[PDB]
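Participant: Structure: structure_22.cif, mmCIF, C-alpha atoms.
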```
data_query
#
loop_
_atom_site.group_PDB
_atom_site.id
_atom_site.type_symbol
_atom_site.label_atom_id
_atom_site.label_comp_id
_atom_site.auth_asym_id
_atom_site.auth_seq_id
_atom_site.Cartn_x
_atom_site.Cartn_y
_atom_site.Cartn_z
ATOM 1 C CA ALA F 3 70.960 -0.996 92.693
ATOM 2 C CA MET F 4 72.069 1.401 89.905
ATOM 3 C CA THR F 5 70.420 4.460 91.247
ATOM 4 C CA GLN F 6 73.449 6.238 92.589
ATOM 5 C CA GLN F 7 73.197 7.598 96.179
ATOM 6 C CA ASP F 8 72.554 11.369 96.359
ATOM 7 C CA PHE F 9 74.517 13.506 98.814
ATOM 8 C CA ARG F 10 71.332 14.290 100.739
ATOM 9 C CA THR F 11 69.848 12.841 103.931
ATOM 10 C CA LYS F 12 66.559 13.247 105.771
ATOM 11 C CA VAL F 13 66.435 12.452 109.510
ATOM 12 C CA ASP F 14 63.114 13.066 111.265
ATOM 13 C CA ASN F 15 62.387 16.743 110.509
ATOM 14 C CA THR F 16 65.861 17.694 109.235
ATOM 15 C CA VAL F 17 67.248 17.519 105.670
ATOM 16 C CA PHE F 18 70.904 18.124 104.842
ATOM 17 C CA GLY F 19 73.077 17.757 101.800
ATOM 18 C CA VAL F 20 75.280 19.232 99.116
ATOM 19 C CA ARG F 21 74.042 20.861 95.903
ATOM 20 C CA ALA F 22 75.404 22.218 92.618
ATOM 21 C CA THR F 23 73.816 25.240 90.952
ATOM 22 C CA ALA F 24 74.207 26.468 87.370
ATOM 23 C CA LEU F 25 74.511 30.222 86.962
ATOM 24 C CA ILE F 26 74.255 30.419 83.196
ATOM 25 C CA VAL F 27 75.091 33.905 81.972
ATOM 26 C CA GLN F 28 74.895 34.859 78.278
ATOM 27 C CA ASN F 29 74.529 38.328 76.779
ATOM 28 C CA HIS F 30 74.618 39.898 80.265
ATOM 29 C CA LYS F 31 71.541 37.860 81.284
ATOM 30 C CA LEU F 32 71.040 35.023 83.793
ATOM 31 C CA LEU F 33 69.020 31.973 82.687
ATOM 32 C CA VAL F 34 66.182 31.422 85.161
ATOM 33 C CA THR F 35 62.912 29.582 85.399
ATOM 34 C CA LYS F 36 59.666 31.041 86.782
ATOM 35 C CA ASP F 37 57.440 29.006 89.085
ATOM 36 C CA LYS F 38 54.700 30.206 91.428
ATOM 37 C CA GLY F 39 55.678 33.874 91.099
ATOM 38 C CA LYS F 40 59.336 33.247 91.894
ATOM 39 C CA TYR F 41 62.474 32.819 89.810
ATOM 40 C CA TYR F 42 64.930 29.932 90.302
ATOM 41 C CA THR F 43 68.204 28.681 88.887
ATOM 42 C CA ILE F 44 69.067 25.198 87.615
ATOM 43 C CA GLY F 45 70.459 22.964 90.349
ATOM 44 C CA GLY F 46 70.185 19.802 92.372
ATOM 45 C CA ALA F 47 71.848 17.430 94.789
ATOM 46 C CA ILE F 48 75.287 16.153 93.906
ATOM 47 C CA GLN F 49 75.783 12.375 94.017
ATOM 48 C CA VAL F 50 77.973 10.653 96.572
ATOM 49 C CA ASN F 51 81.513 10.354 95.118
ATOM 50 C CA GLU F 52 80.698 12.892 92.364
ATOM 51 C CA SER F 53 82.592 16.156 91.851
ATOM 52 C CA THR F 54 80.488 19.297 92.069
ATOM 53 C CA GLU F 55 81.743 20.101 88.510
ATOM 54 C CA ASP F 56 80.352 16.809 87.158
ATOM 55 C CA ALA F 57 77.171 17.380 89.164
ATOM 56 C CA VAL F 58 76.458 20.794 87.636
ATOM 57 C CA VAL F 59 77.099 19.509 84.095
ATOM 58 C CA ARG F 60 74.828 16.522 84.775
ATOM 59 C CA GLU F 61 72.062 18.756 86.111
ATOM 60 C CA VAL F 62 72.236 21.024 83.076
ATOM 61 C CA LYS F 63 72.023 17.882 80.906
ATOM 62 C CA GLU F 64 68.956 16.673 82.870
ATOM 63 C CA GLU F 65 67.019 19.963 83.008
ATOM 64 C CA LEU F 66 68.082 21.679 79.757
ATOM 65 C CA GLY F 67 69.163 18.742 77.582
ATOM 66 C CA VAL F 68 72.390 20.357 76.380
ATOM 67 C CA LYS F 69 76.124 19.781 76.825
ATOM 68 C CA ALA F 70 77.987 22.136 79.145
ATOM 69 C CA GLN F 71 81.193 22.671 81.108
ATOM 70 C CA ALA F 72 81.228 23.710 84.777
ATOM 71 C CA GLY F 73 83.195 26.970 84.359
ATOM 72 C CA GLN F 74 84.295 29.161 87.291
ATOM 73 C CA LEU F 75 83.111 28.390 90.809
ATOM 74 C CA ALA F 76 81.546 31.681 91.942
ATOM 75 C CA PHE F 77 80.072 30.891 95.365
ATOM 76 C CA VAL F 78 80.136 28.319 98.097
ATOM 77 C CA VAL F 79 76.931 28.868 100.038
ATOM 78 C CA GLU F 80 75.840 27.603 103.468
ATOM 79 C CA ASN F 81 72.043 27.757 103.133
ATOM 80 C CA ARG F 82 69.690 27.165 106.140
ATOM 81 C CA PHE F 83 65.901 27.522 106.206
ATOM 82 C CA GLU F 84 62.703 25.867 107.476
ATOM 83 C CA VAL F 85 59.581 24.789 105.553
ATOM 84 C CA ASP F 86 56.570 23.076 107.137
ATOM 85 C CA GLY F 87 58.430 21.994 110.269
ATOM 86 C CA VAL F 88 61.466 20.647 108.433
ATOM 87 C CA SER F 89 64.874 22.285 108.526
ATOM 88 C CA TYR F 90 66.962 22.304 105.321
ATOM 89 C CA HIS F 91 70.670 22.713 105.441
ATOM 90 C CA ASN F 92 72.645 22.656 102.209
ATOM 91 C CA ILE F 93 76.160 23.429 101.121
ATOM 92 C CA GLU F 94 75.801 24.793 97.562
ATOM 93 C CA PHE F 95 78.390 25.203 94.839
ATOM 94 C CA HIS F 96 77.356 27.859 92.311
ATOM 95 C CA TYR F 97 79.152 27.573 88.954
ATOM 96 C CA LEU F 98 79.291 30.036 86.070
ATOM 97 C CA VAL F 99 78.489 27.284 83.573
ATOM 98 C CA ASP F 100 79.454 27.396 79.873
ATOM 99 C CA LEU F 101 76.771 25.941 77.598
ATOM 100 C CA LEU F 102 78.194 24.216 74.522
ATOM 101 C CA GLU F 103 74.865 24.283 72.626
ATOM 102 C CA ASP F 104 71.972 26.741 72.350
ATOM 103 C CA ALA F 105 69.716 26.918 75.396
ATOM 104 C CA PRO F 106 66.196 25.590 74.728
ATOM 105 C CA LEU F 107 63.087 27.725 75.256
ATOM 106 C CA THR F 108 61.854 25.435 78.065
ATOM 107 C CA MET F 109 63.185 23.102 80.751
ATOM 108 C CA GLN F 110 61.837 20.433 83.094
ATOM 109 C CA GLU F 111 62.309 18.961 86.569
ATOM 110 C CA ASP F 112 60.528 15.850 87.914
ATOM 111 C CA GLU F 113 58.488 15.897 84.651
ATOM 112 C CA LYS F 114 57.087 19.326 85.424
ATOM 113 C CA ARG F 115 57.863 21.840 82.692
ATOM 114 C CA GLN F 116 58.770 25.500 83.414
ATOM 115 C CA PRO F 117 59.556 28.423 80.990
ATOM 116 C CA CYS F 118 63.165 29.646 80.313
ATOM 117 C CA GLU F 119 63.692 33.358 80.850
ATOM 118 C CA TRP F 120 66.837 35.456 80.514
ATOM 119 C CA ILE F 121 67.022 38.352 83.002
ATOM 120 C CA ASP F 122 69.622 41.131 82.787
ATOM 121 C CA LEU F 123 72.203 41.015 85.563
ATOM 122 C CA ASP F 124 71.415 44.543 86.719
ATOM 123 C CA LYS F 125 67.659 43.826 86.728
ATOM 124 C CA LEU F 126 67.854 40.733 88.980
ATOM 125 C CA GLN F 127 67.304 43.209 91.828
ATOM 126 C CA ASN F 128 63.753 43.807 90.496
ATOM 127 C CA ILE F 129 62.564 40.157 90.401
ATOM 128 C CA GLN F 130 61.677 37.539 93.012
ATOM 129 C CA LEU F 131 64.844 35.467 92.531
ATOM 130 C CA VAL F 132 65.647 32.613 94.935
ATOM 131 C CA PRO F 133 68.262 32.114 96.551
ATOM 132 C CA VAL F 134 68.080 35.909 96.639
ATOM 133 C CA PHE F 135 71.644 36.789 97.660
ATOM 134 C CA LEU F 136 72.249 36.480 93.898
ATOM 135 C CA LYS F 137 70.282 39.692 93.189
ATOM 136 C CA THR F 138 73.364 41.684 94.187
ATOM 137 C CA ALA F 139 76.143 39.078 94.469
ATOM 138 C CA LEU F 140 75.974 38.163 90.795
ATOM 139 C CA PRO F 141 76.159 41.667 89.301
ATOM 140 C CA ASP F 142 78.736 42.643 91.993
ATOM 141 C CA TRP F 143 80.873 39.534 91.360
ATOM 142 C CA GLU F 144 84.561 40.399 90.885
ATOM 143 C CA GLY F 145 86.037 37.129 89.599
ATOM 144 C CA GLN F 146 87.002 35.739 93.020
ATOM 145 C CA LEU F 147 85.347 32.732 94.685
ATOM 146 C CA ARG F 148 83.149 33.975 97.603
ATOM 147 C CA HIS F 149 81.829 32.264 100.766
ATOM 148 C CA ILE F 150 78.131 33.040 101.360
ATOM 149 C CA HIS F 151 75.824 32.473 104.327
ATOM 150 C CA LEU F 152 72.129 32.481 103.621
ATOM 151 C CA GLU F 153 69.655 32.096 106.478
ATOM 152 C CA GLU F 154 65.916 32.571 106.701
ATOM 153 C CA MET A 4 69.960 17.947 123.230
ATOM 154 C CA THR A 5 72.505 16.008 121.143
ATOM 155 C CA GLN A 6 72.712 17.441 117.642
ATOM 156 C CA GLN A 7 72.939 15.320 114.479
ATOM 157 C CA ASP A 8 76.326 15.312 112.705
ATOM 158 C CA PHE A 9 76.266 16.342 109.014
ATOM 159 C CA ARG A 10 77.540 12.836 108.172
ATOM 160 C CA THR A 11 75.792 9.765 106.790
ATOM 161 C CA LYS A 12 76.834 6.227 105.987
ATOM 162 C CA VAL A 13 75.136 4.343 103.181
ATOM 163 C CA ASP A 14 76.463 0.905 102.342
ATOM 164 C CA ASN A 15 80.283 1.266 102.508
ATOM 165 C CA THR A 16 80.511 5.034 102.007
ATOM 166 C CA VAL A 17 80.518 7.838 104.560
ATOM 167 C CA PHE A 18 79.658 11.263 103.246
ATOM 168 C CA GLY A 19 79.543 14.551 105.104
ATOM 169 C CA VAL A 20 80.777 18.059 105.777
ATOM 170 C CA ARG A 21 83.840 18.782 107.947
ATOM 171 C CA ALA A 22 85.360 21.849 109.565
ATOM 172 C CA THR A 23 89.161 21.845 109.751
ATOM 173 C CA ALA A 24 91.208 24.070 112.017
ATOM 174 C CA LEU A 25 94.419 25.188 110.363
ATOM 175 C CA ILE A 26 96.011 26.780 113.418
ATOM 176 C CA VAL A 27 99.132 28.637 112.320
ATOM 177 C CA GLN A 28 101.426 30.405 114.799
ATOM 178 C CA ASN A 29 105.035 31.586 114.441
ATOM 179 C CA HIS A 30 105.065 30.199 110.863
ATOM 180 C CA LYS A 31 104.036 26.709 112.077
ATOM 181 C CA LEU A 32 100.920 24.567 111.729
ATOM 182 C CA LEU A 33 99.509 22.741 114.768
ATOM 183 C CA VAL A 34 99.048 19.077 113.793
ATOM 184 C CA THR A 35 98.372 15.816 115.590
ATOM 185 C CA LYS A 36 100.104 12.439 115.188
ATOM 186 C CA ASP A 37 98.650 8.922 115.215
ATOM 187 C CA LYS A 38 100.293 5.717 113.981
ATOM 188 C CA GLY A 39 102.930 7.458 111.846
ATOM 189 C CA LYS A 40 100.502 9.824 110.099
ATOM 190 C CA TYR A 41 99.690 13.444 110.829
ATOM 191 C CA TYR A 42 96.223 14.958 110.962
ATOM 192 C CA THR A 43 94.521 18.302 111.354
ATOM 193 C CA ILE A 44 92.298 19.439 114.222
ATOM 194 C CA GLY A 45 88.631 19.260 113.191
ATOM 195 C CA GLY A 46 85.550 17.150 112.650
ATOM 196 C CA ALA A 47 82.013 16.918 111.283
ATOM 197 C CA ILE A 48 79.896 20.044 111.355
ATOM 198 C CA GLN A 49 76.487 19.585 112.977
ATOM 199 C CA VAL A 50 73.252 19.750 111.039
ATOM 200 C CA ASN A 51 72.049 23.397 111.173
ATOM 201 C CA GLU A 52 75.475 24.621 112.421
ATOM 202 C CA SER A 53 77.631 27.168 110.533
ATOM 203 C CA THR A 54 81.087 25.968 109.547
ATOM 204 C CA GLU A 55 82.564 28.837 111.633
ATOM 205 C CA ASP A 56 80.700 27.655 114.743
ATOM 206 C CA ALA A 57 81.727 24.072 113.940
ATOM 207 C CA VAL A 58 85.436 24.852 113.739
ATOM 208 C CA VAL A 59 85.331 26.781 117.004
ATOM 209 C CA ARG A 60 83.424 23.921 118.646
ATOM 210 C CA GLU A 61 85.901 21.345 117.289
ATOM 211 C CA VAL A 62 88.803 23.332 118.740
ATOM 212 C CA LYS A 63 86.955 23.500 122.104
ATOM 213 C CA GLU A 64 86.277 19.742 122.033
ATOM 214 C CA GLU A 65 89.731 18.585 120.888
ATOM 215 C CA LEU A 66 92.064 21.215 122.369
ATOM 216 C CA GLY A 67 90.003 22.569 125.297
ATOM 217 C CA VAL A 68 90.659 26.192 124.347
ATOM 218 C CA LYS A 69 88.670 29.199 123.119
ATOM 219 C CA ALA A 70 89.132 30.298 119.521
ATOM 220 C CA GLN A 71 87.721 32.307 116.616
ATOM 221 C CA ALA A 72 87.165 30.891 113.126
ATOM 222 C CA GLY A 73 89.384 33.394 111.278
ATOM 223 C CA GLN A 74 89.820 33.360 107.457
ATOM 224 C CA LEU A 75 88.306 30.575 105.362
ATOM 225 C CA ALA A 76 91.333 29.321 103.350
ATOM 226 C CA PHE A 77 89.947 26.330 101.463
ATOM 227 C CA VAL A 78 86.736 24.623 100.470
ATOM 228 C CA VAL A 79 87.799 21.070 99.687
ATOM 229 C CA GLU A 80 86.081 18.163 97.964
ATOM 230 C CA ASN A 81 87.905 15.153 99.381
ATOM 231 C CA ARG A 82 87.530 11.437 98.536
ATOM 232 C CA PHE A 83 89.636 8.880 100.358
ATOM 233 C CA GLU A 84 89.711 5.331 101.738
ATOM 234 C CA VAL A 85 90.314 4.252 105.337
ATOM 235 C CA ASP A 86 90.302 0.557 106.298
ATOM 236 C CA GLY A 87 88.225 -0.290 103.215
ATOM 237 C CA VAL A 88 85.541 2.335 103.835
ATOM 238 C CA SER A 89 85.082 5.111 101.267
ATOM 239 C CA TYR A 90 84.751 8.721 102.463
ATOM 240 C CA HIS A 91 83.472 11.733 100.582
ATOM 241 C CA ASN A 92 83.825 15.024 102.483
ATOM 242 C CA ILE A 93 83.234 18.647 101.757
ATOM 243 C CA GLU A 94 85.715 20.384 104.086
ATOM 244 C CA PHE A 95 85.960 23.981 105.224
ATOM 245 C CA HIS A 96 89.528 24.795 106.228
ATOM 246 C CA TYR A 97 89.820 27.812 108.565
ATOM 247 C CA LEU A 98 92.921 29.762 109.603
ATOM 248 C CA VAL A 99 91.725 29.683 113.215
ATOM 249 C CA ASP A 100 92.809 32.281 115.794
ATOM 250 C CA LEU A 101 93.335 30.740 119.234
ATOM 251 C CA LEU A 102 92.318 32.968 122.155
ATOM 252 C CA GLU A 103 94.410 30.918 124.629
ATOM 253 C CA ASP A 104 97.706 28.966 124.396
ATOM 254 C CA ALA A 105 97.479 25.609 122.582
ATOM 255 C CA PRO A 106 97.970 22.465 124.723
ATOM 256 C CA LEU A 107 100.615 19.768 124.109
ATOM 257 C CA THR A 108 97.933 17.113 123.492
ATOM 258 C CA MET A 109 94.537 16.725 121.774
ATOM 259 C CA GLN A 110 91.747 14.326 122.628
ATOM 260 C CA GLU A 111 89.076 12.867 120.387
ATOM 261 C CA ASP A 112 86.672 10.095 121.437
ATOM 262 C CA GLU A 113 88.649 9.924 124.704
ATOM 263 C CA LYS A 114 91.852 8.911 122.955
ATOM 264 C CA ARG A 115 94.770 11.286 123.372
ATOM 265 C CA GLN A 116 97.314 12.176 120.703
ATOM 266 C CA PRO A 117 100.331 14.460 120.934
ATOM 267 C CA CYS A 118 100.231 17.756 119.046
ATOM 268 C CA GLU A 119 103.169 19.416 117.375
ATOM 269 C CA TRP A 120 103.798 22.764 115.732
ATOM 270 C CA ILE A 121 105.445 22.183 112.327
ATOM 271 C CA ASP A 122 107.005 24.802 110.027
ATOM 272 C CA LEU A 123 104.852 25.504 106.951
ATOM 273 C CA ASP A 124 107.812 24.861 104.612
ATOM 274 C CA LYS A 125 108.278 21.427 106.229
ATOM 275 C CA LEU A 126 104.709 20.102 105.756
ATOM 276 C CA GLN A 127 106.023 18.248 102.713
ATOM 277 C CA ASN A 128 108.311 16.398 105.192
ATOM 278 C CA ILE A 129 105.551 14.697 107.246
ATOM 279 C CA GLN A 130 102.845 12.134 106.256
ATOM 280 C CA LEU A 131 100.135 14.786 106.572
ATOM 281 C CA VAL A 132 96.556 14.167 105.481
ATOM 282 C CA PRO A 133 94.882 15.545 103.607
ATOM 283 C CA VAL A 134 97.726 15.607 101.350
ATOM 284 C CA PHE A 135 96.818 18.801 99.366
ATOM 285 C CA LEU A 136 97.875 20.883 102.391
ATOM 286 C CA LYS A 137 101.555 19.965 101.936
ATOM 287 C CA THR A 138 101.716 22.227 98.867
ATOM 288 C CA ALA A 139 98.580 24.390 99.135
ATOM 289 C CA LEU A 140 99.140 25.807 102.607
ATOM 290 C CA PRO A 141 102.686 27.190 102.183
ATOM 291 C CA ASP A 142 101.609 28.460 98.716
ATOM 292 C CA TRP A 143 98.451 30.162 100.060
ATOM 293 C CA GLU A 144 98.067 33.766 98.856
ATOM 294 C CA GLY A 145 95.258 35.188 101.028
ATOM 295 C CA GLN A 146 92.334 34.241 98.767
ATOM 296 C CA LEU A 147 89.739 31.538 99.288
ATOM 297 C CA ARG A 148 90.600 28.507 97.104
ATOM 298 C CA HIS A 149 88.563 25.538 95.862
ATOM 299 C CA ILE A 150 90.335 22.184 96.101
ATOM 300 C CA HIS A 151 88.704 19.872 93.548
ATOM 301 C CA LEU A 152 88.507 16.101 93.040
ATOM 302 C CA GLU A 153 90.899 14.613 90.430
#
```
What is this structure when it is put down as structure tokens?

Facilitator:
Amino acid sequence: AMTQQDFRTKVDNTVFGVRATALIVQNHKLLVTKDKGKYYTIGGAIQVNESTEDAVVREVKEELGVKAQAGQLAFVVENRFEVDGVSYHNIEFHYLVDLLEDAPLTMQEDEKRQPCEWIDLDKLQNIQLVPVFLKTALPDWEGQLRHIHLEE
Amino acid sequence: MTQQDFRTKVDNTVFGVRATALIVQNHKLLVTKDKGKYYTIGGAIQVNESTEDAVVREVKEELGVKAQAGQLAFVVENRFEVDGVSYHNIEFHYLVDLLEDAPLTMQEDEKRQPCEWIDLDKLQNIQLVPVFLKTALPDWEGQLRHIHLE
């Protein structure tokens, strides 16, 4: 009751769902967080019956604590990979989010805090960014929604 | 082995990912009819299956013919009700290329339905679902489009 159902399911050793990702770009830099030597973007499962736009705004609210608007949908990604005997299969909607307040210096997820870093679009190629397709797709983006396949 | 569908039901809501085959030939869309309404060829993608492979498989299952996925036209977020059950789909709509002639009939779950080729400018003149196609398909301009929830 009153925890809304997430658009994510686990069956035996398979997980599958739909995610929204915030690609926050300001001053030619992408907002990322560093954890365990790798860089990640803000994102999470959408809820059942929730638009991916509302999902990305909600996730920015949760992780960064600021108001935002979804902005342009840049990528729809089919992402497939395995970790520890479990397959993960997500459809991901990557939005060029507009923050309506200043980004904080830190963010958190599941009560674990991680630092905020801003990395220049043309330098993403020189960091361990995950997904990874973003290292080139983001600086090469031409204003048109793209379909992406990412596989391990 | 039987593969899991990318579809789940929790309480009174079914949520999943669909591949839809928008087969267009001679300026007409191949649709199927059931109880007054018209539907597209397609169905749930499988867990760990690409949407391209899903659409080709759906065409094989429902039409019995070989096909290629072709251009992705739409990525659709779709909410609707059927018989009191809520549905929330993400749908990938492909402009499929058939590699054989289309049959006169489709089958799904061993129930047959007639298929018909309808002019794109006449989609607004059938009870087609989902309903965005009636305007979006004849207006399509060659670029992938996101169809959002209201």

Participant: Identify every residue of chain F that has at least one atom within 10 Å of any atom of chain A, counting only C-alpha atoms, and report the result as a count of residues only.

Facilitator: 34

Participant: Measure the distance from atom CA of residue 134 of chain F to atom CA of residue 56 of chain A in Å and round it to one decimal.

Facilitator: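 Calculated distance between atom CA of residue 134 of chain F and atom CA of residue 56 of chain A is 23.6 Å.
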
Participant: Just say which residues the PyMOL selection byres ((chain F and resi 97) around 8) picks in this file, as a list in words.

Facilitator: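 On the file shown, the PyMOL selection byres ((chain F and resi 97) around 8) covers residues 22, 23, 24, 25, 55, 58, 72, 73, 74, 75, 76, 77, 95, 96, 98 and 99 of chain F.
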
Participant: At a cut-off of 10 Å from (101.1, 11.1, 116.3) in the coordinates of the file, what residues are picked up using all atoms listed in the file, written as a ChimeraX atom specification?

Facilitator: /A:34-42,108,115-119

Participant: Considering all atoms listed in the file, can you say which of A:121, A:26, A:76, A:47 comes closest to residue 142 of chain A?

Facilitator: A:76

Participant: Scan for residues within 10 Å of the point (70.3, 22.6, 88.2) in the coordinates of the file, using all atoms listed in the file, and reply as a ChimeraX atom specification.

Facilitator: /F:21-25,42-48,57-66,96,111

Participant: One number please: atom CA of residue 40 of chain F to atom CA of residue 109 of chain F, in Å, one decimal.

Facilitator: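 The value is 15.6 Å.
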
Participant: Which is closer to residue 15 of chain F than all the others in F:70, F:3, F:33, F:85, using all atoms listed in the file?

Facilitator: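 Selected residue with least distance to residue 15 of chain F: F:85.
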
Participant: Can you list, as a ChimeraX atom specification, the residues that the PyMOL selection byres ((chain A and resi 24) around 7) selects here?

Facilitator: /A:22-23,25-26,43-45,58,96-99

Participant: The PyMOL selection byres ((chain A and resi 106) around 9) on the file shown: which residues, as a list in words?

Facilitator: residues 66, 67, 68, 104, 105, 107, 108, 109 and 118 of chain A

Participant: Just to confirm, what's the straight-line distance from atom CA of residue 120 of chain A to atom CA of residue 84 of chain A in Å (one decimal)?

Facilitator: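 Distance reported for this atom pair: 26.4 Å.
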
Participant: Can you pull out every residue within 8 Å of residue 70 of chain A, counting all atoms listed in the file, but drop anything in the same chain fewer than 2 positions away, and send it as a count of residues only?

Facilitator: 10

Participant: Between A:112, A:55, A:60, A:6, which one has atoms that come closest to residue 95 of chain A, using only C-alpha atoms?

Facilitator: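 Among A:112, A:55, A:60, A:6, it is A:55 that comes nearest to residue 95 of chain A.
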
Participant: Once 6 Å is added on each side, what are the centre and the three edge lengths, in Å to one decimal, of the axis-aligned box enclosing the listed atoms of segment 96-108 of chain F? Present them as JSON.

Facilitator:
```
{"center_x": 70.7, "center_y": 27.1, "center_z": 82.3, "size_x": 29.6, "size_y": 17.8, "size_z": 32.0}
```

Participant: Measuring atom to atom with only C-alpha atoms, identify which of F:133, F:87, F:106, F:141 is nearest to residue 31 of chain F.

Facilitator: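 Distance minimum relative to residue 31 of chain F lands on F:141.
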
Participant: Tell me which protein, DNA and RNA residues are within 9 Å of residue 124 of chain A, counting only C-alpha atoms, leaving out same-chain ones fewer than 4 positions away, and put them as an MDAnalysis selection string.

Facilitator: chainID A and resid 30:31 128 137:138 140:141

Participant: So, counting only C-alpha atoms, which residue among F:127, F:116, F:108, F:6 is closest to residue 38 of chain F?

Facilitator: F:116

Participant: Give me segment 19-34 of chain A with N, CA and C atoms filled in, as an mmCIF file, in the frame of the given file.

Facilitator:
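Generated file (rebuild-v3.cif):
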```
data_model
loop_
_atom_site.group_PDB
_atom_site.id
_atom_site.type_symbol
_atom_site.label_atom_id
_atom_site.label_comp_id
_atom_site.auth_asym_id
_atom_site.auth_seq_id
_atom_site.Cartn_x
_atom_site.Cartn_y
_atom_site.Cartn_z
ATOM 1 N N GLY A 19 79.907 13.479 104.194
ATOM 2 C CA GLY A 19 79.543 14.551 105.104
ATOM 3 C C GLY A 19 80.322 15.831 104.891
ATOM 4 N N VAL A 20 80.136 16.748 105.828
ATOM 5 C CA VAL A 20 80.777 18.059 105.777
ATOM 6 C C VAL A 20 81.600 18.259 107.048
ATOM 7 N N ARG A 21 82.861 18.647 106.857
ATOM 8 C CA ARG A 21 83.840 18.782 107.947
ATOM 9 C C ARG A 21 84.291 20.217 108.096
ATOM 10 N N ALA A 22 84.584 20.607 109.332
ATOM 11 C CA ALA A 22 85.360 21.849 109.565
ATOM 12 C C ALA A 22 86.743 21.484 110.055
ATOM 13 N N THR A 23 87.753 22.092 109.433
ATOM 14 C CA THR A 23 89.161 21.845 109.751
ATOM 15 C C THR A 23 89.824 23.103 110.272
ATOM 16 N N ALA A 24 90.561 22.948 111.362
ATOM 17 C CA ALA A 24 91.208 24.070 112.017
ATOM 18 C C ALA A 24 92.670 24.082 111.636
ATOM 19 N N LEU A 25 93.029 25.000 110.743
ATOM 20 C CA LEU A 25 94.419 25.188 110.363
ATOM 21 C C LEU A 25 94.986 26.279 111.257
ATOM 22 N N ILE A 26 95.442 25.865 112.428
ATOM 23 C CA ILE A 26 96.011 26.780 113.418
ATOM 24 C C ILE A 26 97.487 27.026 113.110
ATOM 25 N N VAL A 27 97.783 28.268 112.741
ATOM 26 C CA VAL A 27 99.132 28.637 112.320
ATOM 27 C C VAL A 27 99.646 29.724 113.252
ATOM 28 N N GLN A 28 100.786 29.455 113.894
ATOM 29 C CA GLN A 28 101.426 30.405 114.799
ATOM 30 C C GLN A 28 102.945 30.344 114.616
ATOM 31 N N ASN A 29 103.579 31.513 114.602
ATOM 32 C CA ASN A 29 105.035 31.586 114.441
ATOM 33 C C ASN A 29 105.504 30.756 113.239
ATOM 34 N N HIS A 30 104.743 30.849 112.146
ATOM 35 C CA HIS A 30 105.065 30.199 110.863
ATOM 36 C C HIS A 30 104.962 28.659 110.910
ATOM 37 N N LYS A 31 104.173 28.150 111.859
ATOM 38 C CA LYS A 31 104.036 26.709 112.077
ATOM 39 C C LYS A 31 102.578 26.295 112.183
ATOM 40 N N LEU A 32 102.277 25.103 111.684
ATOM 41 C CA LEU A 32 100.920 24.567 111.729
ATOM 42 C C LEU A 32 100.812 23.561 112.864
ATOM 43 N N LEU A 33 99.762 23.694 113.676
ATOM 44 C CA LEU A 33 99.509 22.741 114.768
ATOM 45 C C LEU A 33 98.870 21.493 114.177
ATOM 46 N N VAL A 34 99.564 20.364 114.292
ATOM 47 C CA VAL A 34 99.048 19.077 113.793
ATOM 48 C C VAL A 34 99.057 18.021 114.891
#
```
